[PDB]
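Next up is one chain by itself, shown in C-alpha coordinates, the form deposited in one PDB entry.
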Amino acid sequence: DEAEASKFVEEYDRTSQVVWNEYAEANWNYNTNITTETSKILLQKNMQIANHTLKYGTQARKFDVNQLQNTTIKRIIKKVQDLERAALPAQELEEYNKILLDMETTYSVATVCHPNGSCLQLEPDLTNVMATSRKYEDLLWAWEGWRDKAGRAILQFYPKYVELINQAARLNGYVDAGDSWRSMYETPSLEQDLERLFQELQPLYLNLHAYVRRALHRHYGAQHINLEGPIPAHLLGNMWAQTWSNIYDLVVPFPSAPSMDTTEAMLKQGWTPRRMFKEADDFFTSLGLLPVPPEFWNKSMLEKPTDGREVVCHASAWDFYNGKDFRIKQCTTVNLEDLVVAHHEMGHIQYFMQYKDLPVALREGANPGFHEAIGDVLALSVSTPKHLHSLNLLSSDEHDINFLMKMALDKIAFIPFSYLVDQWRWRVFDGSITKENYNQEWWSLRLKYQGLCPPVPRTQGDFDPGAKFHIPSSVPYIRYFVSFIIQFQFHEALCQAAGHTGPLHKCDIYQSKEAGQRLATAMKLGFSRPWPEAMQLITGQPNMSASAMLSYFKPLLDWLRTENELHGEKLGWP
(Lines give C-alpha, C1' and ligand atoms only; values in the text may rest on other atoms or scores of the structure.)
Protein backbone atom coordinates (compact mmCIF):
# COMPACT_ATOMS: atom_id res chain seq x y z
CA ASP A 1 0.00 0.00 0.00
CA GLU A 2 2.84 2.37 0.92
CA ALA A 3 4.64 1.26 -2.24
CA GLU A 4 1.59 2.07 -4.36
CA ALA A 5 1.53 5.48 -2.69
CA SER A 6 5.08 6.62 -3.52
CA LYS A 7 4.58 5.34 -7.06
CA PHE A 8 1.35 7.32 -7.35
CA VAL A 9 3.13 10.45 -6.14
CA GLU A 10 5.89 9.99 -8.73
CA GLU A 11 3.40 9.51 -11.58
CA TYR A 12 1.34 12.47 -10.37
CA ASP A 13 4.44 14.69 -10.29
CA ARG A 14 5.84 13.86 -13.72
CA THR A 15 2.45 14.10 -15.45
CA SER A 16 1.47 17.29 -13.60
CA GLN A 17 4.59 19.14 -14.76
CA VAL A 18 3.67 18.57 -18.40
CA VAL A 19 -0.04 19.42 -18.13
CA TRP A 20 0.56 22.43 -15.86
CA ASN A 21 3.31 23.71 -18.14
CA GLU A 22 0.94 23.59 -21.11
CA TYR A 23 -1.82 25.32 -19.18
CA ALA A 24 0.56 28.05 -18.03
CA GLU A 25 1.36 28.71 -21.70
CA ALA A 26 -2.23 29.14 -22.83
CA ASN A 27 -3.02 31.23 -19.75
CA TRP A 28 0.00 33.44 -20.46
CA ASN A 29 -0.87 33.95 -24.12
CA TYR A 30 -4.33 35.08 -23.10
CA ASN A 31 -3.11 37.44 -20.37
CA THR A 32 -0.61 39.00 -22.79
CA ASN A 33 -2.96 39.10 -25.81
CA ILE A 34 -6.67 39.12 -25.03
CA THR A 35 -8.36 37.85 -28.19
CA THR A 36 -11.35 35.63 -28.86
CA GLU A 37 -8.83 33.08 -30.17
CA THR A 38 -6.54 32.95 -27.12
CA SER A 39 -9.67 32.89 -24.94
CA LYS A 40 -11.01 29.83 -26.74
CA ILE A 41 -7.69 28.00 -26.46
CA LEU A 42 -7.41 28.79 -22.75
CA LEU A 43 -10.90 27.52 -21.93
CA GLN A 44 -10.02 24.33 -23.81
CA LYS A 45 -6.76 23.99 -21.89
CA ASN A 46 -8.90 24.39 -18.77
CA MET A 47 -10.81 21.20 -19.54
CA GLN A 48 -7.58 19.34 -20.24
CA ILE A 49 -5.91 20.19 -16.94
CA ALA A 50 -9.21 19.53 -15.15
CA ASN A 51 -9.26 16.10 -16.76
CA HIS A 52 -5.82 15.34 -15.34
CA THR A 53 -6.84 16.68 -11.93
CA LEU A 54 -9.94 14.49 -11.87
CA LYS A 55 -7.97 11.41 -12.96
CA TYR A 56 -5.37 11.69 -10.21
CA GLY A 57 -7.69 13.27 -7.67
CA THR A 58 -10.04 10.32 -7.97
CA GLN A 59 -7.11 7.92 -7.49
CA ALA A 60 -5.74 9.86 -4.51
CA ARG A 61 -9.09 9.65 -2.73
CA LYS A 62 -8.88 5.85 -2.82
CA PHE A 63 -5.89 5.95 -0.48
CA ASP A 64 -6.53 5.94 3.25
CA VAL A 65 -4.19 8.75 4.22
CA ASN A 66 -4.62 7.77 7.88
CA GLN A 67 -2.72 4.55 7.18
CA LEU A 68 0.12 6.14 5.18
CA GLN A 69 3.49 6.02 6.94
CA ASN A 70 5.67 8.41 4.92
CA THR A 71 4.64 11.93 5.96
CA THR A 72 5.66 13.55 2.67
CA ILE A 73 3.66 11.02 0.64
CA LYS A 74 0.80 11.43 3.11
CA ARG A 75 0.88 15.23 2.77
CA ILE A 76 1.02 15.17 -1.04
CA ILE A 77 -1.78 12.63 -1.40
CA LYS A 78 -4.06 14.49 1.03
CA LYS A 79 -3.56 17.63 -1.07
CA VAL A 80 -4.21 15.83 -4.37
CA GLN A 81 -7.58 14.61 -3.02
CA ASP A 82 -8.73 18.26 -3.34
CA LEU A 83 -9.80 18.63 -6.98
CA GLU A 84 -10.73 22.28 -6.56
CA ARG A 85 -12.81 23.34 -9.59
CA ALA A 86 -12.28 19.97 -11.30
CA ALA A 87 -14.73 18.53 -8.76
CA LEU A 88 -17.62 20.25 -10.56
CA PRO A 89 -19.77 18.29 -13.05
CA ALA A 90 -18.66 18.99 -16.64
CA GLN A 91 -21.53 21.41 -17.26
CA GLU A 92 -20.85 23.54 -14.17
CA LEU A 93 -17.09 23.46 -14.76
CA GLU A 94 -17.31 25.02 -18.21
CA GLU A 95 -19.76 27.64 -16.95
CA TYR A 96 -17.46 28.46 -14.02
CA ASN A 97 -14.38 28.73 -16.23
CA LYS A 98 -16.23 31.05 -18.60
CA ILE A 99 -17.52 33.10 -15.67
CA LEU A 100 -13.98 33.63 -14.38
CA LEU A 101 -12.74 34.41 -17.88
CA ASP A 102 -15.48 36.98 -18.47
CA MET A 103 -14.95 38.73 -15.13
CA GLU A 104 -11.21 39.03 -15.73
CA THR A 105 -11.67 40.34 -19.26
CA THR A 106 -14.39 42.81 -18.25
CA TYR A 107 -12.14 44.25 -15.53
CA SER A 108 -8.96 44.43 -17.63
CA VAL A 109 -10.56 46.19 -20.60
CA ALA A 110 -12.87 48.60 -18.78
CA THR A 111 -12.47 52.30 -19.55
CA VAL A 112 -13.86 55.59 -18.23
CA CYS A 113 -14.66 58.21 -20.87
CA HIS A 114 -15.30 61.96 -20.98
CA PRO A 115 -18.09 63.58 -23.05
CA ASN A 116 -15.66 64.07 -25.93
CA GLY A 117 -14.09 60.70 -26.65
CA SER A 118 -11.19 60.72 -24.22
CA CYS A 119 -11.38 57.34 -22.52
CA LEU A 120 -8.96 56.41 -19.78
CA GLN A 121 -7.77 52.95 -18.80
CA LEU A 122 -7.11 52.09 -15.15
CA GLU A 123 -3.35 51.94 -15.59
CA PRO A 124 -1.73 54.33 -15.88
CA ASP A 125 -4.39 56.94 -16.71
CA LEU A 126 -6.92 56.72 -13.89
CA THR A 127 -4.15 55.68 -11.51
CA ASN A 128 -2.21 58.86 -12.27
CA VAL A 129 -5.31 61.02 -11.79
CA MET A 130 -5.95 59.49 -8.35
CA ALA A 131 -2.30 60.02 -7.44
CA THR A 132 -1.77 63.58 -8.69
CA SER A 133 -5.07 65.44 -8.86
CA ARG A 134 -5.88 67.70 -5.89
CA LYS A 135 -9.29 68.72 -7.23
CA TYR A 136 -12.21 67.15 -5.35
CA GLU A 137 -14.43 66.95 -8.44
CA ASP A 138 -11.71 65.51 -10.71
CA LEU A 139 -10.87 62.80 -8.17
CA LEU A 140 -14.58 62.07 -7.81
CA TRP A 141 -15.02 61.71 -11.57
CA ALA A 142 -12.28 59.05 -11.72
CA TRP A 143 -13.31 57.34 -8.46
CA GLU A 144 -17.00 57.10 -9.38
CA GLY A 145 -16.38 56.45 -13.06
CA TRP A 146 -14.14 53.47 -12.45
CA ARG A 147 -16.77 51.90 -10.23
CA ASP A 148 -19.58 52.69 -12.70
CA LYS A 149 -17.69 50.96 -15.52
CA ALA A 150 -15.71 48.16 -13.86
CA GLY A 151 -17.65 47.56 -10.65
CA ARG A 152 -21.18 47.56 -12.05
CA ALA A 153 -20.12 45.38 -14.98
CA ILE A 154 -18.93 42.61 -12.66
CA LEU A 155 -22.20 42.41 -10.70
CA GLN A 156 -24.00 40.30 -13.32
CA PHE A 157 -21.40 37.54 -12.89
CA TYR A 158 -20.77 37.45 -9.12
CA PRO A 159 -23.79 35.61 -7.74
CA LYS A 160 -23.19 32.73 -10.19
CA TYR A 161 -19.47 32.77 -9.44
CA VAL A 162 -20.21 32.50 -5.70
CA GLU A 163 -22.61 29.60 -6.28
CA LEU A 164 -20.15 27.62 -8.42
CA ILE A 165 -17.01 28.22 -6.35
CA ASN A 166 -18.92 27.31 -3.18
CA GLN A 167 -20.29 24.16 -4.85
CA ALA A 168 -16.75 23.19 -5.82
CA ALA A 169 -15.64 23.77 -2.23
CA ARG A 170 -18.39 21.52 -0.83
CA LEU A 171 -17.54 18.82 -3.37
CA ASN A 172 -14.01 18.90 -1.96
CA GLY A 173 -15.00 18.53 1.69
CA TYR A 174 -15.27 22.16 2.82
CA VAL A 175 -18.39 24.05 3.92
CA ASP A 176 -17.85 26.92 1.44
CA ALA A 177 -15.18 28.68 -0.66
CA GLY A 178 -14.02 30.84 2.26
CA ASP A 179 -13.39 27.74 4.36
CA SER A 180 -11.41 26.24 1.48
CA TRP A 181 -9.25 29.38 1.12
CA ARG A 182 -8.50 29.72 4.83
CA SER A 183 -7.37 26.07 4.89
CA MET A 184 -4.26 27.08 2.94
CA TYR A 185 -2.84 28.30 6.25
CA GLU A 186 -3.43 25.01 8.10
CA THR A 187 -4.16 27.12 11.18
CA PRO A 188 -7.46 26.49 13.05
CA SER A 189 -7.01 29.68 15.09
CA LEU A 190 -6.46 31.78 11.94
CA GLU A 191 -9.45 34.11 12.31
CA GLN A 192 -8.71 34.89 15.95
CA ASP A 193 -4.97 35.25 15.25
CA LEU A 194 -5.57 37.79 12.49
CA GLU A 195 -8.10 39.67 14.61
CA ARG A 196 -5.58 40.06 17.46
CA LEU A 197 -2.94 41.27 15.02
CA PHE A 198 -5.32 43.85 13.56
CA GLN A 199 -6.23 45.13 17.03
CA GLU A 200 -2.58 45.65 17.93
CA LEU A 201 -2.06 48.00 14.98
CA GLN A 202 -5.21 49.99 15.76
CA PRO A 203 -3.52 52.65 17.91
CA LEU A 204 -1.04 53.33 15.11
CA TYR A 205 -3.63 53.32 12.31
CA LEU A 206 -6.13 55.46 14.20
CA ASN A 207 -3.46 58.06 14.92
CA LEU A 208 -2.28 58.10 11.30
CA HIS A 209 -5.92 58.35 10.18
CA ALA A 210 -6.60 61.37 12.41
CA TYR A 211 -3.40 63.15 11.34
CA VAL A 212 -4.16 62.64 7.63
CA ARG A 213 -7.79 63.65 8.15
CA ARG A 214 -6.55 66.94 9.67
CA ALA A 215 -4.23 67.59 6.71
CA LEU A 216 -7.09 66.88 4.28
CA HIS A 217 -9.32 69.26 6.25
CA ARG A 218 -6.60 71.87 5.75
CA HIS A 219 -6.48 71.32 1.99
CA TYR A 220 -10.03 70.48 0.92
CA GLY A 221 -11.92 72.66 3.38
CA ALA A 222 -13.94 72.30 6.57
CA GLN A 223 -17.14 71.86 4.55
CA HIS A 224 -15.74 68.64 3.04
CA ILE A 225 -13.89 67.00 5.94
CA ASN A 226 -15.55 66.08 9.23
CA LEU A 227 -12.81 66.13 11.88
CA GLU A 228 -14.74 63.53 13.89
CA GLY A 229 -15.92 61.37 11.01
CA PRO A 230 -14.74 59.07 8.19
CA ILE A 231 -12.51 60.26 5.34
CA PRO A 232 -13.95 60.49 1.79
CA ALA A 233 -12.56 57.48 -0.11
CA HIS A 234 -11.30 59.39 -3.16
CA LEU A 235 -8.80 61.66 -1.39
CA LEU A 236 -6.03 59.23 -0.45
CA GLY A 237 -4.07 59.22 -3.72
CA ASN A 238 -5.06 55.67 -4.63
CA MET A 239 -8.13 54.25 -6.37
CA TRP A 240 -8.95 52.01 -3.38
CA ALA A 241 -7.35 54.19 -0.71
CA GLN A 242 -5.35 51.08 0.21
CA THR A 243 -2.08 53.05 0.28
CA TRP A 244 -1.83 56.79 0.95
CA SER A 245 1.77 57.34 -0.18
CA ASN A 246 0.71 59.63 -3.02
CA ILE A 247 -0.61 62.40 -0.75
CA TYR A 248 2.69 62.66 1.16
CA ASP A 249 3.02 66.26 -0.07
CA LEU A 250 -0.20 67.14 1.76
CA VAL A 251 0.86 65.59 5.08
CA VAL A 252 4.64 66.03 5.29
CA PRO A 253 5.57 66.26 9.03
CA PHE A 254 8.51 68.61 8.49
CA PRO A 255 8.08 70.47 5.17
CA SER A 256 11.24 72.49 5.83
CA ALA A 257 13.04 69.26 4.94
CA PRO A 258 12.27 68.93 1.20
CA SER A 259 12.54 65.51 -0.44
CA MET A 260 13.68 64.96 -4.01
CA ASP A 261 11.15 64.21 -6.73
CA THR A 262 11.83 60.47 -6.91
CA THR A 263 9.78 59.97 -10.08
CA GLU A 264 11.35 63.03 -11.70
CA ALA A 265 14.77 61.66 -10.74
CA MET A 266 14.18 58.21 -12.26
CA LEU A 267 12.87 59.78 -15.47
CA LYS A 268 15.52 62.52 -15.39
CA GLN A 269 18.25 59.89 -15.62
CA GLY A 270 16.68 57.46 -18.06
CA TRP A 271 15.49 54.68 -15.77
CA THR A 272 13.52 52.06 -17.72
CA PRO A 273 11.33 49.14 -16.67
CA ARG A 274 14.25 46.84 -17.48
CA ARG A 275 16.63 48.88 -15.30
CA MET A 276 14.12 48.56 -12.49
CA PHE A 277 13.99 44.75 -12.60
CA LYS A 278 17.77 44.59 -13.06
CA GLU A 279 18.22 46.54 -9.82
CA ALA A 280 15.85 44.15 -8.03
CA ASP A 281 17.69 41.16 -9.49
CA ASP A 282 20.93 42.71 -8.18
CA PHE A 283 19.57 43.05 -4.65
CA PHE A 284 18.65 39.35 -4.54
CA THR A 285 22.07 38.20 -5.77
CA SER A 286 23.73 40.61 -3.35
CA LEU A 287 22.11 38.53 -0.60
CA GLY A 288 23.58 35.43 -2.20
CA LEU A 289 20.17 34.50 -3.59
CA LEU A 290 19.47 33.25 -7.14
CA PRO A 291 19.50 35.46 -10.24
CA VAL A 292 16.59 35.18 -12.65
CA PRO A 293 17.45 32.95 -15.66
CA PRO A 294 18.44 34.51 -19.00
CA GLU A 295 15.15 33.14 -20.36
CA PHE A 296 13.33 35.47 -17.93
CA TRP A 297 14.51 38.60 -19.74
CA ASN A 298 13.52 37.13 -23.10
CA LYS A 299 9.99 35.95 -22.26
CA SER A 300 8.79 38.43 -19.63
CA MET A 301 6.48 41.31 -20.52
CA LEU A 302 7.87 44.21 -18.49
CA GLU A 303 6.18 46.93 -20.57
CA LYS A 304 2.64 47.61 -21.72
CA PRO A 305 2.49 46.36 -25.32
CA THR A 306 2.07 49.03 -28.01
CA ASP A 307 1.27 46.77 -30.96
CA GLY A 308 -2.52 46.87 -30.81
CA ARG A 309 -3.03 43.94 -28.44
CA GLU A 310 -4.95 44.24 -25.18
CA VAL A 311 -3.46 42.59 -22.08
CA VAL A 312 -3.97 42.10 -18.35
CA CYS A 313 -1.75 44.83 -16.94
CA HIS A 314 -2.09 43.95 -13.24
CA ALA A 315 1.44 42.86 -12.29
CA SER A 316 2.01 39.16 -11.65
CA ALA A 317 4.79 36.54 -11.52
CA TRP A 318 4.53 33.23 -13.36
CA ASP A 319 5.92 29.75 -12.71
CA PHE A 320 5.74 27.48 -15.79
CA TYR A 321 6.48 24.36 -13.73
CA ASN A 322 9.54 23.14 -15.63
CA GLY A 323 12.05 24.58 -13.19
CA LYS A 324 13.45 26.74 -15.98
CA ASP A 325 10.78 29.13 -17.28
CA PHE A 326 9.68 31.93 -14.92
CA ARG A 327 8.26 35.28 -16.03
CA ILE A 328 6.79 38.57 -14.89
CA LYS A 329 3.87 40.33 -16.58
CA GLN A 330 3.67 44.01 -15.65
CA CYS A 331 2.80 47.17 -17.59
CA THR A 332 5.63 48.80 -15.68
CA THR A 333 5.56 52.54 -15.07
CA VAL A 334 8.76 54.40 -14.24
CA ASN A 335 8.30 55.63 -10.66
CA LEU A 336 9.14 54.60 -7.09
CA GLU A 337 5.78 52.90 -6.50
CA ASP A 338 6.35 50.48 -9.38
CA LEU A 339 9.98 49.96 -8.36
CA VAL A 340 8.60 48.45 -5.16
CA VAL A 341 6.13 46.38 -7.20
CA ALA A 342 8.98 45.07 -9.34
CA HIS A 343 10.71 43.86 -6.18
CA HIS A 344 7.44 42.37 -4.93
CA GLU A 345 7.10 40.33 -8.13
CA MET A 346 10.78 39.38 -8.22
CA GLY A 347 10.24 38.02 -4.72
CA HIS A 348 7.71 35.58 -6.19
CA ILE A 349 10.17 34.54 -8.90
CA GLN A 350 12.86 33.93 -6.27
CA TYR A 351 10.48 31.67 -4.35
CA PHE A 352 9.63 29.78 -7.58
CA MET A 353 13.33 29.16 -8.19
CA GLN A 354 14.15 28.19 -4.60
CA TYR A 355 11.62 25.33 -4.43
CA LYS A 356 11.68 24.23 -8.08
CA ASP A 357 13.02 20.79 -7.16
CA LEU A 358 10.27 19.84 -4.73
CA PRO A 359 7.30 17.72 -5.80
CA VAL A 360 4.91 20.03 -7.68
CA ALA A 361 2.17 19.63 -5.05
CA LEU A 362 4.54 21.20 -2.54
CA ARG A 363 5.73 24.03 -4.79
CA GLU A 364 4.09 26.86 -2.82
CA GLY A 365 5.08 29.22 -0.02
CA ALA A 366 5.01 28.11 3.64
CA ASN A 367 1.60 29.82 3.41
CA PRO A 368 0.33 32.40 0.89
CA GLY A 369 1.56 35.23 3.11
CA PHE A 370 5.18 34.08 2.90
CA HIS A 371 5.08 34.14 -0.90
CA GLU A 372 3.84 37.74 -0.75
CA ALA A 373 6.38 38.91 1.87
CA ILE A 374 9.72 38.04 0.21
CA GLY A 375 9.95 40.86 -2.32
CA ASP A 376 8.55 43.40 0.14
CA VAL A 377 11.27 42.60 2.66
CA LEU A 378 14.02 43.60 0.22
CA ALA A 379 12.01 46.62 -0.94
CA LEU A 380 11.94 47.82 2.69
CA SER A 381 15.73 48.19 2.53
CA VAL A 382 15.57 49.70 -0.96
CA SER A 383 13.17 52.39 0.31
CA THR A 384 15.57 53.75 2.94
CA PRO A 385 16.70 57.32 2.20
CA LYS A 386 20.32 56.22 2.16
CA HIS A 387 19.67 53.36 -0.26
CA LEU A 388 17.66 55.57 -2.61
CA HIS A 389 20.54 58.06 -2.52
CA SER A 390 22.90 55.25 -3.56
CA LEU A 391 20.68 54.84 -6.62
CA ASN A 392 20.97 58.60 -7.09
CA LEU A 393 17.24 59.12 -6.55
CA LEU A 394 17.55 61.06 -3.29
CA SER A 395 19.94 63.73 -2.02
CA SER A 396 18.44 63.33 11.49
CA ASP A 397 15.29 63.29 13.61
CA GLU A 398 13.06 65.36 11.32
CA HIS A 399 14.20 63.36 8.30
CA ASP A 400 13.43 60.15 10.20
CA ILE A 401 9.86 61.21 10.95
CA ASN A 402 9.37 62.30 7.34
CA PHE A 403 10.65 58.91 6.13
CA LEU A 404 8.62 56.95 8.68
CA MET A 405 5.54 58.91 7.61
CA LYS A 406 6.14 58.02 3.98
CA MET A 407 6.50 54.36 4.97
CA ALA A 408 3.41 54.46 7.18
CA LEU A 409 1.26 56.00 4.46
CA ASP A 410 1.92 52.77 2.58
CA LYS A 411 2.34 49.99 5.16
CA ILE A 412 0.08 51.14 8.01
CA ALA A 413 -2.75 52.49 5.86
CA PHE A 414 -2.85 49.11 4.08
CA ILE A 415 -3.43 47.06 7.25
CA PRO A 416 -7.18 47.71 7.64
CA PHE A 417 -7.81 47.42 3.89
CA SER A 418 -5.96 44.12 3.51
CA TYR A 419 -7.88 42.78 6.51
CA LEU A 420 -11.27 43.91 5.20
CA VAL A 421 -11.29 42.36 1.72
CA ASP A 422 -11.70 38.73 2.75
CA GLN A 423 -13.74 39.52 5.85
CA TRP A 424 -16.28 40.57 3.20
CA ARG A 425 -15.69 37.59 0.90
CA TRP A 426 -15.76 35.03 3.72
CA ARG A 427 -19.21 36.31 4.65
CA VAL A 428 -20.31 36.29 1.01
CA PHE A 429 -19.11 32.69 0.73
CA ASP A 430 -20.76 31.49 3.96
CA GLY A 431 -24.01 33.12 2.87
CA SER A 432 -24.10 35.86 5.52
CA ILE A 433 -24.12 38.49 2.76
CA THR A 434 -26.56 38.05 -0.16
CA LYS A 435 -26.38 39.83 -3.51
CA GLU A 436 -28.95 42.22 -2.05
CA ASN A 437 -26.41 43.44 0.50
CA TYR A 438 -23.08 43.02 -1.33
CA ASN A 439 -22.30 46.72 -1.55
CA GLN A 440 -23.86 47.88 1.70
CA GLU A 441 -21.84 45.32 3.68
CA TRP A 442 -18.71 46.26 1.77
CA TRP A 443 -19.10 49.88 2.86
CA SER A 444 -19.99 48.91 6.43
CA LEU A 445 -16.56 47.27 6.55
CA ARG A 446 -14.82 50.12 4.73
CA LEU A 447 -16.15 52.34 7.52
CA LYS A 448 -15.56 49.97 10.44
CA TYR A 449 -11.97 49.09 9.54
CA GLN A 450 -10.60 51.94 7.39
CA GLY A 451 -12.79 54.78 8.63
CA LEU A 452 -13.71 55.76 5.08
CA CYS A 453 -16.97 56.87 3.49
CA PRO A 454 -18.05 56.95 -0.15
CA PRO A 455 -17.87 60.52 -1.56
CA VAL A 456 -21.02 59.70 -3.55
CA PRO A 457 -23.91 57.75 -2.01
CA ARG A 458 -24.07 54.25 -3.46
CA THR A 459 -27.20 53.12 -5.32
CA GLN A 460 -28.81 49.83 -6.29
CA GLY A 461 -26.71 48.38 -9.09
CA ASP A 462 -23.34 49.42 -7.69
CA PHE A 463 -20.82 46.68 -6.91
CA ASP A 464 -17.73 48.51 -5.76
CA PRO A 465 -15.89 45.32 -4.75
CA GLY A 466 -15.90 44.38 -8.43
CA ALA A 467 -13.78 47.47 -9.06
CA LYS A 468 -10.85 45.86 -7.21
CA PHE A 469 -8.76 43.44 -9.31
CA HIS A 470 -8.68 40.51 -6.86
CA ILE A 471 -12.47 40.24 -6.66
CA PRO A 472 -13.27 39.49 -10.31
CA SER A 473 -9.94 37.66 -10.64
CA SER A 474 -10.82 35.45 -7.67
CA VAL A 475 -7.44 35.89 -5.94
CA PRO A 476 -7.53 35.52 -2.11
CA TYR A 477 -6.57 38.70 -0.25
CA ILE A 478 -5.80 37.80 3.37
CA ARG A 479 -2.32 36.78 2.18
CA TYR A 480 -1.53 40.52 1.93
CA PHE A 481 -2.57 41.25 5.50
CA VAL A 482 -0.43 38.34 6.70
CA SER A 483 2.40 39.53 4.44
CA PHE A 484 2.50 43.09 5.78
CA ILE A 485 2.77 41.86 9.36
CA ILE A 486 5.37 39.15 8.82
CA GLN A 487 7.50 41.13 6.38
CA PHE A 488 8.44 43.42 9.27
CA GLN A 489 9.15 40.36 11.40
CA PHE A 490 11.47 39.18 8.62
CA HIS A 491 13.08 42.61 8.25
CA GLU A 492 13.77 42.70 12.00
CA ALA A 493 15.36 39.23 12.09
CA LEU A 494 17.41 39.65 8.90
CA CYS A 495 18.69 43.01 10.14
CA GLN A 496 19.76 41.43 13.42
CA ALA A 497 21.39 38.58 11.49
CA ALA A 498 23.16 41.21 9.38
CA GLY A 499 24.59 42.85 12.50
CA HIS A 500 22.46 45.99 12.29
CA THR A 501 22.16 48.06 15.45
CA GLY A 502 20.10 51.13 16.26
CA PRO A 503 16.62 52.06 14.94
CA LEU A 504 15.14 49.27 12.84
CA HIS A 505 13.92 51.70 10.17
CA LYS A 506 17.53 52.65 9.37
CA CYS A 507 18.42 49.07 8.43
CA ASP A 508 19.48 48.14 4.89
CA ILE A 509 20.26 44.45 4.41
CA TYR A 510 21.87 45.04 1.01
CA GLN A 511 24.44 42.31 0.23
CA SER A 512 24.15 40.58 3.61
CA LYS A 513 24.86 36.88 3.07
CA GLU A 514 23.61 35.97 6.55
CA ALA A 515 20.25 37.54 5.71
CA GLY A 516 20.04 35.81 2.34
CA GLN A 517 20.85 32.44 3.90
CA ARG A 518 17.88 32.53 6.26
CA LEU A 519 15.50 33.42 3.46
CA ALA A 520 16.90 30.66 1.25
CA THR A 521 16.62 27.85 3.81
CA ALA A 522 13.03 28.95 4.47
CA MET A 523 12.00 29.29 0.82
CA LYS A 524 13.50 25.89 -0.03
CA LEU A 525 10.96 24.23 2.28
CA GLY A 526 8.20 25.34 -0.05
CA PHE A 527 4.93 23.89 1.25
CA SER A 528 6.56 20.74 2.70
CA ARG A 529 6.22 21.68 6.39
CA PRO A 530 3.77 23.62 8.60
CA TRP A 531 4.57 27.32 8.08
CA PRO A 532 5.60 27.87 11.73
CA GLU A 533 8.84 26.04 10.89
CA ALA A 534 9.74 28.44 8.09
CA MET A 535 8.82 31.27 10.49
CA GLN A 536 11.21 29.81 13.08
CA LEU A 537 14.02 29.41 10.54
CA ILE A 538 13.85 33.12 9.71
CA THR A 539 12.94 34.74 13.04
CA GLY A 540 13.99 32.26 15.74
CA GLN A 541 10.40 31.95 16.97
CA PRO A 542 7.26 30.36 15.44
CA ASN A 543 4.41 32.90 15.65
CA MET A 544 3.11 35.81 13.61
CA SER A 545 3.57 39.02 15.58
CA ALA A 546 2.92 42.74 15.17
CA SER A 547 5.88 43.54 17.47
CA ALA A 548 8.37 44.04 14.63
CA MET A 549 6.07 46.41 12.74
CA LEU A 550 5.22 48.33 15.93
CA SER A 551 8.92 48.58 16.80
CA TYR A 552 9.71 49.82 13.28
CA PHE A 553 7.16 52.65 13.62
CA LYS A 554 7.57 53.38 17.35
CA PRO A 555 9.16 56.79 16.70
CA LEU A 556 6.29 57.75 14.39
CA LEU A 557 3.66 56.54 16.86
CA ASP A 558 5.14 58.81 19.55
CA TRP A 559 5.31 61.75 17.14
CA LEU A 560 1.72 61.11 16.02
CA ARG A 561 0.31 61.00 19.54
CA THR A 562 2.04 64.25 20.48
CA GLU A 563 0.91 65.95 17.24
CA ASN A 564 -2.69 64.73 17.44
CA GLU A 565 -2.83 65.57 21.14
CA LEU A 566 -1.79 69.20 20.74
CA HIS A 567 -4.40 69.61 18.00
CA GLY A 568 -7.07 67.96 20.15
CA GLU A 569 -7.88 65.25 17.61
CA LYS A 570 -10.70 62.84 18.41
CA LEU A 571 -9.43 59.45 17.25
CA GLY A 572 -11.84 57.27 15.31
CA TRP A 573 -15.26 58.07 13.90
CA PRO A 574 -18.20 58.01 16.39
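Take the two forms, find the largest set of C-alpha atoms that superpose within 1.5 Å, and that set is the rigid core. Numbering starts at 1 and follows the sequence shown.
Beyond the structure shown, there is the form deposited in another entry, which is absent from this document and is the topic of what follows.
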Legend entry - C-alpha displacement of 2 Å or more between this form and the one not shown on the rigid core, among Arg309, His219, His389, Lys278: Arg309
Inset, instruction - Note yes or no: does the Cα of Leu537 move by 2 Å or more between this form and the one not shown after the core is superposed? - result: no
Legend entry - CA of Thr35, rigid core aligned, shift of 2 Å or more between this form and the one not shown: yes
